Every structure is written in C-alpha cells, then in structure tokens.
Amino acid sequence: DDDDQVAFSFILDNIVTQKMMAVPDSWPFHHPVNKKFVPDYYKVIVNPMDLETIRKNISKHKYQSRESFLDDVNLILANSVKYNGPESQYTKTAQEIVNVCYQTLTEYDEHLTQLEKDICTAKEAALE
C-alpha cells in the first residue's frame, strides 16, 4: 500500500522507455539538448524538457498523478514548436511521442486511476 507510488512510477518509466523512446527517430528527445550542437537553444527555450530528465523525475517520484507527468511530456512538444516550428520534422516526431504516451495512458486508464487515488488518499491520511 506504500508501493502505490513505486508501482505508479514504475509504470510511468516503462511507458517512457518502452513506448515513447521507441518512436522512430525520437533520439533527439531522449536526452537534454546538447548545447554544443545547437548553441542558442537554452537562450530561446526557457523550460527545456526531455525524456531522460522525465525519467529522473520519475525516479524521484515527482509525479503522483498522470496530470503532472503529462505537463512535462507536453512541454517537449511545446519546446519543439517554439524552436523548430509547427511544420518541422522534429515537431512531428515529438507529436508522435506525445501521441503514443496518451495512447498507452488510456490503455492503462482503469489501472492508473486506482493507483492515483490510493496515492492521494494516503497523502491526506498521512498529514491528517
């Protein structure tokens, strides 16, 4: 019952590594953008986001529900749109990363909703 968070985060990590990181040519979004290859990236993108640091956030148990998890996932696509443009080949790839994530989230919807409530009802019964 305290593994409710450990289970939720384990599922989130596998979604990232087994489904999102499996999108064809998604390798530029696997890791923080190398400043050596695009120098001005951190001068135009103020909230940079990638899959590797989503996984580091998962390992720190930052996401207690899929809402905050999706906030950082959608941030990858928002940053590609702001940097690469809406019609970019990179942006279309990031859109498919976001697509396969929403896909497998509704795939596990009934299961995750259980974990999400058991995590939060434990959060409130612990501070109460």
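Rigid core (definition): largest C-alpha set, two forms, superposition within 1.5 Å. Throughout, we count residues from 1 along the sequence that is shown.
- Relative to the shown model and aligned on the rigid core, the C-alphas in 9 other deposited structures of this protein deviate most, among 31-39 and 95-103, for 31-39.
- As the entry records it, the average C-alpha temperature factor is higher for 117-125, out of 117-125 and 4-12.
- The maximum CA B-factor among the listed residues 54, 75, 45, 97, taken from the PDB record, is found at 45.
- In the PDB entry, residue 82 places in the highest third of its chain by CA B-factor.
- When the modelled residues of the chain are ordered by their C-alpha B factor, residue 102 lands in the middle third.
- Sorting the modelled residues of the chain by their CA temperature factor places residue 37 in the lowest third.
- Residue-level temperature factors show residue 59 in the middle third of its chain, judged at the C-alpha atom.
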